[PDB]
């Protein structure tokens, strides 16, 4: 039969059957009875204020509190009269009907009703049903008081009292005697409950978006009749007796900003559900499991031993034995002897522990609840009337589809309903506050902070170290890993407990001994003063807030001034924003000023890709340090620089000390002489090692989740608060500016505040989205980088020791006992090689962590191993792992990451790596990318060109590795194989073809090998490929040393720019992006790729013609174009074109010619390109009003016209990187429109000597298409390459 609610009023006469006057167990024998109603059998409601342990004066509000976590509300005038008691009882009936509606409520019930507590705790022999114990029975009055008093015994399972002296507090107390509890040792007892239906908690969410664009009423409130099932699941645990006590999670209190909280056991963590039960280590899980199993076996022994009761003759035997067997799910043998089935007990334990939880109940009932135990909270709000059927419907609840609210959880939104659910005045709320004040005796600055805002950091005393126990293993031992996931189909298969037997009656004899212990509660002070000077969130969020009674303010960027003056506020935005906000305008431009300041606020709050630079950083929020200052004072300096040089470890202000004990070795002393069972022991040892790997990973994950995410969530909450405060301050300032003036401007220009409020809220929402994404990525990066390697090191050492021990054992015993051994030698040599990969999907289930972990792992810029970059005249790895580099300050290098390597031993770079990261078993898969410049041959050393072999990059550690060699016109990549053979990759440049653009030029090279193929990229394309299909099984273990390692001529020096080695697959669509990112630059390029320089000798080169230059004759000053020649010296071995030809285009200025001062780079600079010929000065001239066609520029004598603007402009006209420039001679400065397009014209120049047929490159309207469609300009007369002279190139 389904559970049935009995409906009746409060003034009904005492029937002594359904409305009795019992005595609560904690009342002992005082003699003050209480009326009590029953809803369902063994579920007694008793409406009255809980007064067992509290003083009568305790109820009124005082300066004290009870517990240091929750915020409390006092009220003495609750449940005063019969009307209030009747309303309480009606609300209880309504809530129970709401619970009974859904099938899951019926499953939760019918389980705390049919579960009868065992008769008698351990202080009784194994053959007695000692009914006279305070944890079983209570006494009820039969006769009307005054002449005759009788007491009869009545059973119970749950007694629901009223609220305590604090309405918010709800608890489920149990019964225990002489400091020993029968509710934990598999027995169970009657339990009480405290409750109040009206008041409910108010929570909030961050990731999601609120329905309304307002923060006056924000968040949600918890639905009544769902707080109740939390207490009922606690009651079910206590009643079934599995409320085992074990290691708590103590909050650390060794610092001045730590949270103070009472210890919390696993009972409060196993029922809240979600990701919280994952901070409970599997060792503690198995310990609890074993304790529960042992207790149940003990009760099996007691139940099989008991045979007669000597207290109440009315009690039967066989029916009670059958009922207890049904309750505990035992197995009855044909001889009447009970037992325990391991699978049945495991199923029961999982169903009772993981099967029911608050998150699952909320998801089933479609009710909004919090995300985790460690989360935000808000002051509570009451409900005006829970009985009015227009507000709360027992079929749906707060989400009535009639009023169009069953969507997006609209029913429980505080802002949208806003009318039927009053708030609670803060004139009676008492909270635990901490007063943080400066070291000075009287600073005038003493800040208050709630205890609910500080950082919660766990302590290392709360994590067990069962890994270090010496383990004995034999062929009969298999260890089962207990899961932490509940399939909801268990209850479906159970199907409403059809097989349960009807419970026996509740009429037994009365009790005699009623001695039982009762708790005593005491108040605490609510003020705690500490002296601190380390500025943090608690010191910035207060300075960002202005007093309520002030009217006019003015933002400023001085935190010291913000603390000193209450008039000003602190703003971490830009100085232009501060100036705009401080500006004062007139009535004419008020609307324009308002729009401008709102747009500026939105743009300033929306920033995600600041300082787009070649560096490998995806996203960053550049005002977190300026707004919060969390860590080692990240506010000062550059947050971007600090992040890029310190990794993700700079935000946190307390680095946890990990607990990674060394795991104990195995004791495989089974000593089986025959029956070849040693293989079973070996396999069991391997499985046990796997389980220990899993346990260590779980421990690391639990500690991470307990500390790091908590601190980062506090950071995110502070960010939300700061942004909201800034928006509110801006709106208040705008309102004051509007209100300052008289009615004239109000009538002339009209504006409403709702539009600007909505715009500001939208901006805040977008900014919070970006900040949340950044913080989540940072947290996952820290987890994957700074914690796992230590664990994998410890497990690798343990694996080595275990392999040695197993090898010694097998050699000493089994090698002689059994001939066949090579199979298990191969097993112990191969299986113990590969490590178990990490995977968060096994140790966590909720999508919030998994999705961002997957995104981080899919990201390609988070897989750097050996990020080599220049930073402060030193080489520091930017990968974040931390590698030791040995260099001195004597050497001098350019800032833009330039390395020069030669045969001299003076230049020495030593790198020691932390190659203990999760290893790559397959290997044969990586990439190496770098930028090279190589010298040129000087027609000397044919042996050097042909025979010589040299290299600068190598990895030779265990006589098998890989290296990259460079020859004269060759690129080689050699890898070694354990067998003896070697595979090599060859590439070369054509030099007899007379076409070359790589020689003495920067060139990007990438080598990428996978299991299938090894590929070479030099320009983003494939030219030469060869197969590496052979399985090499050679892994790079040692260091890589950068040196030629050969004493040769000093004339050779190799230039290197950017070394990056990836252990990740780089197949395609990433190499080209890397090329573009690392080659993109604002400045201009030389012939080879160096920055364009001033006062540098230059010569003409264009891709249109291979032989053209400008030369001025030594005898006579005439400049013109002649054809180029080859090298004058004859050399049949090799030949090349001539380069050091023509006249220089030096930028010589008489005012500043030597020691030019550092200037400021500006786009489209005004540069004059004129050269000097000894004492003759030339002038570049063009006839302003030219009427001819194809007219050359004039090299004229000196003219006294310099104030006129005949400047030359330089730019680019192609998207992809190149080595060329675009020159322009703009005669009119304000020519905002295009004067003309490109024109290549065949021209018969009117030369006196001869009519030269040239291809002149002028501004003509005959080739509009090229520079109108704007492709990548590679071939044109608009190249104008500037080729300097340097000692690297020998004439």
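The backbone N, Cα and C atoms fix where each Cβ goes, and this holds for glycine too.
Swiss-Prot has this to say about the protein:
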REGION    442-857  region 'Translocation domain (TD)'
REGION    481-532  region 'Belt'
REGION    858-1079  region 'N-terminus of receptor binding domain (N-RBD)'
BINDING   1025, 1189, 1190  ganglioside GT1b (d18:1(4E)) binding site
BINDING   1240, 1241  D-galactose binding site
Fewest Cβ neighbours within 10 Å, where candidates are the binding-site residues 1025, 1190, 1241: 1025
Site diameter for ganglioside GT1b (d18:1(4E)), Å, by largest Cα distance between 1025, 1189, 1190: 53
Most Cβ neighbours inside 10 Å, all chains, among the binding-site residues 1189, 1240: 1240
DSSP three-state assignment for residue 1190 (ganglioside GT1b (d18:1(4E)) binding site): coil
Residues in the region 'Belt' (481-532) grouped by DSSP into helix, strand and remaining coil: 6 helix, 8 strand, 38 coil
Nearest-integer angstrom distance between the alpha carbons (Cα) of residue 1189 (ganglioside GT1b (d18:1(4E)) binding site) and residue 1241 (D-galactose binding site): 10
Whole-number Å value for how far residue 1241 (D-galactose binding site) lies from residue 1025 (ganglioside GT1b (d18:1(4E)) binding site) (Cα to Cα): 43
